[PDB]
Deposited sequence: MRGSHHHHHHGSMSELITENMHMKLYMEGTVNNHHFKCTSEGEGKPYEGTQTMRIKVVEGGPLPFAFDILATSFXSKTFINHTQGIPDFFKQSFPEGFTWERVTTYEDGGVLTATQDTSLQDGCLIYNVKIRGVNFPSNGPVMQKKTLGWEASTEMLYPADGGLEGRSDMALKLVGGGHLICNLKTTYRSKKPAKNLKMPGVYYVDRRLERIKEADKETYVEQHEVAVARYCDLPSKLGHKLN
């Protein structure tokens, strides 16, 4: 009941990447049970950013994942209190983007607050040279650990000229609701696409869409 068929989102983000300070705000809507969502994002301080906006894409929403097969949904269960996430994204060319997030709910609106710290992005690498072209589809594996959920994913960033730069995501999701009141899932997987829909003014405005579906392994087992 707290999480309905159609929901809105509002976000505030601040941080630094290679010592460059910035702030973003965003507004969006989606369908939490269908796993679809759109964010319209503005860089409101420190624009235009000296790095590829793509490295911020995963920091803009776990309530909008279609949890199929009765998978207990840690995120939707966490309301009204909400949940937090803390992530480290490690790029294979050295860049490290750490992000911490709070998810709350007010007036049927999801409210996100994000803090970003990015360090060691190579100055001649595609992030700092802005030679990136968005993300391939990815799979996250989630599993219970110490009363929260851990997630892990490798993602591939498309590059001008056709190659890819890969990064690995390690995430800790923690509920603000007490353990008493939560049914934990076992190991499961979330497949997703994160797509750039529009950009304006050298990525000071960005529209991004995600579709995400959770599943167990659907393959036959001999055990």
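- Gaps between the deposited sequence and the modelled structure occur at positions 1 to 14, 75, 239 to 243.
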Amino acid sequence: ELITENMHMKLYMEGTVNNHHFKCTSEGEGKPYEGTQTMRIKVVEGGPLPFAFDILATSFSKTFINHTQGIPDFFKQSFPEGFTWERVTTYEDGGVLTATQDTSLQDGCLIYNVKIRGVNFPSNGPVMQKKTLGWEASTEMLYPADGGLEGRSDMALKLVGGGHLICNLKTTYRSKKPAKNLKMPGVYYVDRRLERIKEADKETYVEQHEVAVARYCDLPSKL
From here on, numbers count along this sequence of modelled residues.
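- In this crystal structure, the stretch out of 173 to 181 and 156 to 164 whose C-alpha atoms carry the higher mean B factor is 173 to 181.
- Relative to one another, 136 to 144 and 101 to 109 have unequal mean CA B-factors, and 101 to 109 is the one with the higher figure.
- The residue among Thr68, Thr38, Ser59, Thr63 whose C-alpha atom has the highest B-factor in the PDB entry is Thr68.
- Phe79: CA B factor in the highest third of modelled residues in this chain (values from the PDB entry).
- In the PDB entry, a CA B factor belonging to the lowest third of its chain's modelled residues is recorded for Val190.
- Among all modelled residues in this chain, the alpha-carbon of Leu49 has a temperature factor (C-alpha) in the highest third.
- For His20, the recorded CA temperature factor ranks within the highest third of the chain's modelled residues.
- When the CA B factors of the chain's modelled residues are split into thirds, the value for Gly151 lands in the lowest one.
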